[PDB]
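Peer 1: Following this message is one structure expressed as structure tokens.
4 protein chains.
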Amino acid sequence: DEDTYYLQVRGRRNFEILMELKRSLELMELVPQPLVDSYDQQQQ
Amino acid sequence: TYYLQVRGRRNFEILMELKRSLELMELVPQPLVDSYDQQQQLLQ
Amino acid sequence: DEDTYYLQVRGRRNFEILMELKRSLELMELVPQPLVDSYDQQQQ
Amino acid sequence: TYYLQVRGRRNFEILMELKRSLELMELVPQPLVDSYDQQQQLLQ
């Protein structure tokens with residue numbers, strides 16, 4: 001997750017949907033690794 | 101139309117797939133949308 | 201898009217987010233091919 | 301917790317990636333969430 005990309009979307013609600021997911025996808029990179037590995041282990 | 105920026109190739113690809121689905125949904129013949137939503141209300 | 205899959209999620213808002221996207225992803229299969237191909241052509 | 305059902309392997313995979321991001325977001329140390337949201341308010 002190093003390079004940045006622009007995205008265009010039509011529709012205010014579509015924009016808000018995508019922004020909520022952009023936030024979650026970018027924030028997940030900040031979870032400390034032991035917490036990620038645990039989450040992933042339990043999802044089995 | 102709105103812009104957003106996202107960091108990371110996989111994140112961009114996911115968001116693009118979703119953008120495509122949200123915009124294509126507007127091209128579905130409306131009776132098929134109506135049927136889909138009715139079948140779902142029947143279930144849930 | 202033939203087999204069906206169950207998904208569990210924690211959080212009412214997370215559930216509503218995912219349901220909105222599930223709907224768009226399933227509905228996009230119903231767009232007539234000439235409309236899909238056109239949309240995809242113009243996104244270049 | 302809620303269930304949903306989705307038709308199609310690629311659709312399931314997308315929704316799973318998003319479910320993971322939404323649930324992992326809750327494990328991010330809150331000051332890092334705060335910083336992220338501040339940097340975004342600075343921009344937009």
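Chains as they are written, first to last, in my numbering: chain A, 1 to 44; chain B, 101 to 144; chain C, 201 to 244; chain D, 301 to 344. Yeah, the Cβ is synthetic: ideal placement off N, Cα and C, and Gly gets one too.
Mind checking A/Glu-2: buried by the 16 CB within 10 Å criterion, or exposed?
Peer 2: exposed
Peer 1: Here's the rule I'm using: 16 or more other beta-carbon atoms within 10 Å means buried, otherwise exposed. How should A/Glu-26 be labelled?
Peer 2: buried
Peer 1: Check the Cβ-Cβ distances between D/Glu-323 and every residue of chain B, and say whether any is below 8 Å.
Peer 2: Closer than 8 Å to the CB of D/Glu-323 there is not a single CB belonging to chain B.
Peer 1: For A/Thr-4 versus B/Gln-141, is the C-beta spacing smaller than 8 Å?
Peer 2: Against a cut-off of 8 Å, the Cβ pair of B/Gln-141 and A/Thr-4 comes out as no contact.
Peer 1: Just how far apart, CA to CA, sit D/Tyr-303 and B/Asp-137?
Peer 2: 17 Å
Peer 1: Is it the case that the Cβ atoms of B/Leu-115 and A/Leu-21 are separated by a distance below 8 Å?
Peer 2: Going by C-beta atoms, B/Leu-115 is nearer than 8 Å to A/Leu-21.
Peer 1: When DSSP builds the beta bridges, which residues end up paired with D/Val-306?
Peer 2: C/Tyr-205
Peer 1: Rank C/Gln-242, C/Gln-233, C/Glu-229 and C/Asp-237 by C-alpha distance to the C-alpha of D/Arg-309 and give the top, closest one.
Peer 2: C/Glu-229
Peer 1: Does D/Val-306 get closer than 8 Å to chain C when you measure Cβ to Cβ?
Peer 2: yes
Peer 1: Using a beta-carbon distance cut-off of less than 7 Å, what residues from the region 18-43 of chain A approach chain B?
Peer 2: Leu-18, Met-19, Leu-21, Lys-22, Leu-25 and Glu-26
Peer 1: Does DSSP classify D/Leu-327 as helix, strand or coil?
Peer 2: Here D/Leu-327 sits in coil by DSSP.
Peer 1: On a Cα-Cα basis, can you pick out the residue from A/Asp-37, A/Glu-16, A/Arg-23 and A/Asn-14 that is closest to B/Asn-111?
Peer 2: A/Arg-23
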